[PDB]
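Read the structure below first, then the notes.
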Amino acid sequence: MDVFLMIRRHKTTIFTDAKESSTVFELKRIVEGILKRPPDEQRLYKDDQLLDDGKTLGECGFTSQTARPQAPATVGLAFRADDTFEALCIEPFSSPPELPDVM
Amino acid sequence: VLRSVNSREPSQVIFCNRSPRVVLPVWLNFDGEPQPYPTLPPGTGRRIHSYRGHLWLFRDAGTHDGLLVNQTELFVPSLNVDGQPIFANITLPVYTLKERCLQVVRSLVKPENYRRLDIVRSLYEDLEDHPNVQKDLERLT
Amino acid sequence: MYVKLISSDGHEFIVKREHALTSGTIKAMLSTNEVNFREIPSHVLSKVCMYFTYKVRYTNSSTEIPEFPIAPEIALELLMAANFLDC
């Protein structure tokens with residue numbers, strides 16, 4: 001099965017897909033291609049829970065039910081600088097205007 | 001030009017609604033006039049008795065949004081082979097993102113107040129060009 | 001290969017080139033690996049990118065297709081972007 005993800009850090013958001021049987025470390029490889037940072041300098045999170053390199057994205061709660069094309073699951077990403085990982089930080093998206101009374 | 005053929009050869013058919021919409025089946029009679037049949041609620045099915053060469057199309061019973069039947073616009077009952085009835089799977093198309101927004105905005109605003117919304121006047125026309133079966137039928141012809 | 005669509009509020013959406021080329025407008029704006037959208041906020045563009053994923057997955061599917069969901073408060077801005085991008 002394919003799972004559909006947003007990988008998010010700061011004001012960066014990657015849309016990609018992966019197999020449910022894929023590993024957290026293999027996802028870090030995907031990230032490595034886009035953002036050019038080695039996996040040993042990367043942490044991935046589900047909500048606020050740090051995920052382990054050997055676990056499959058399924059065991060981390062990303063499935064067909066929860067990680068759909070039109071509603072992808074979010075994977076938090078945090079980078080290491082100077083052998084110290086920054087905290088997980090994900091900037092929210094802009095806020096919609098108040099609904100027009102007409103609606 | 002788009003008309004059912006009066007084959008008088010019965011064709012047994014199941015209308016499978018695999019869509020979250022209320023499905024309005026629409027038969028094109030022998031003069032081409034669209035005739036509506038009882039609506040088909042979401043995820044429900046209905047055995048129908050039709051005929052070979054007859055033309056069916058399917059819409060959202062409320063918005064007349066077009067739907068697909070067996071991945072195409074028109075369903076033609078064919079020969080019932082082995083006695084088993086023909087299966088007409090009604091699905092959502094992959095609407096364009098523009099049409100999909102038009103669908104959602106029409107559902108929230110009554111058409112007098114379309115003008116009240118603040119958008120390029122070209123969209124006010126798109127919003128008032130409601131999907132309609134007589135219109136689509138000319139397209140197919 | 002990926003491309004980067006930037007929203008009006010600075011967010012950087014990184015999607016597969018093949019998905020982004022669905023839009024003829026984005027094809028024209030790349031033809032070179034980033035696109036800046038000065039008038040599309042990130043709560044619209046994040047939804048655009050989801051539609052890219054959704055269109056590529058469910059175009060030519062004999063399976064059942066799910067509705068593309070649009071919250072009412074985004075509907076009008078999404079419409080304007082979709083109209084601009086022919087989508």
Side-chain angles (χ1 to χ4, degrees), chain A residues 70, chain B residues 1-80 83 85-96 99-112 114 126-133 136-138 141, chain C residues 58 61-70 72:
Chain A
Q70 73 286 0
Chain B
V1 178
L2 266 193
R3 65 185 56 100
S4 281
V5 175
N6 192 10
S7 76
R8 317 186 290 130
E9 301 195 55
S11 193
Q12 298 287 143
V13 165
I14 288 87
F15 285 167
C16 203
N17 179 12
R18 340 199 62 90
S19 98
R21 318 290 201 94
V22 181
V23 162
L24 167 64
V26 177
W27 176 62
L28 302 185
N29 70 23
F30 303 118
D31 299 317
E33 296 282 349
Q35 183 197 329
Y37 275 72
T39 78
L40 201 65
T44 79
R46 172 137 326 121
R47 176 153 77 96
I48 61 102
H49 317 299
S50 180
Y51 297 86
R52 307 173 70 186
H54 280 207
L55 262 60
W56 296 82
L57 70 90
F58 302 91
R59 297 265 174 292
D60 178 293
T63 60
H64 299 97
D65 290 327
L67 296 160
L68 285 198
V69 61
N70 300 342
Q71 282 152 245
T72 163
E73 298 262 57
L74 285 178
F75 176 56
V76 186
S78 69
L79 155 75
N80 293 124
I86 321 280
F87 211 45
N89 278 76
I90 299 148
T91 76
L92 283 186
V94 178
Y95 301 121
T96 70
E99 192 51 52
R100 183 71 188 113
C101 304
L102 291 168
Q103 292 174 6
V104 183
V105 171
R106 291 166 186 150
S107 97
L108 306 167
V109 180
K110 260 278 298 153
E112 40 263 40
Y114 289 169
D126 303 321
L127 209 61
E128 266 161 337
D129 196 2
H130 288 140
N132 160 270
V133 30
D136 281 321
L137 271 172
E138 291 133 48
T141 311
Chain C
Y58 286 112
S61 183
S62 40
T63 88
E64 197 179 309
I65 297 87
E67 270 283 47
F68 187 75
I70 301 170

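Reminder, nothing fancy here: chain letters follow the sequence lines and each chain counts from 1. These values consider heavy atoms only, across backbone and side chains, with no hydrogens, waters or symmetry-generated copies.
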Sequence neighbours excluded, the answer for side-chain hydrogen bond (donor to acceptor under 3.5 Å, both in side chains) partners of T63(C) is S61(C)
Value for CG (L67(B)) from CZ (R18(B)), rounded to nearest 0.5 Å, stands at 13.5 Å
CG (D129(B)) and CG (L102(B)) are apart, to the nearest 0.5 Å, by 9.5 Å
Under a 3.5 Å distance rule, please check whether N89(B) uses its side chain to pair with a backbone N or O of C16(B) as donor and acceptor. no
For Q70(A), the side-chain hydrogen bond (donor to acceptor under 3.5 Å, both in side chains) test, sequence neighbours excluded, returns none
By ring-ring contact (aromatic ring centres under 6.0 Å, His included), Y95(B) pairs with (sequence neighbours left out) none
Value for OG1 (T39(B)) from CZ (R59(B)), rounded to nearest 0.5 Å, stands at 15.5 Å
inquiry  = When you measure from the side chain of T141(B) to the backbone of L137(B), do you find a donor-acceptor pair of N or O atoms at a distance under 3.5 Å?
reply    = yes
Contacts of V69(B) meeting side chain to side chain contact (heavy atoms under 4.5 Å, CB included) (sequence neighbours excluded), chain-then-number -> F58(B), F75(B), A88(B), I90(B)
- [ ] Determine yes or no for a side-chain-to-main-chain donor-acceptor pair under 3.5 angstrom, with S4(B) supplying the side chain and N29(B) the backbone.
- [x] no
Residues passing the side chain to side chain contact (heavy atoms under 4.5 Å, CB included) test with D60(B), sequence neighbours excluded, are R21(B), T63(B), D65(B)
Taken in chain and number order and not counting sequence neighbours, the residues that satisfy side chain to side chain contact (heavy atoms under 4.5 Å, CB included) with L24(B) are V26(B), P36(B), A61(B), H64(B)
Extract all donor-acceptor atom pairs below 3.5 Å that involve side chains of residues 47-54 of chain B and protein atoms in other chains or at least two apart in sequence.
unit_1 : atom_1 : unit_2 : atom_2 : d
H49(B) : ND1    : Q12(B) : OE1    : 3.0
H49(B) : ND1    : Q12(B) : NE2    : 2.7
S50(B) : OG     : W56(B) : NE1    : 3.3
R52(B) : NH1    : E9(B)  : OE1    : 2.9
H54(B) : ND1    : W27(B) : NE1    : 2.9
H54(B) : NE2    : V5(B)  : O      : 3.4

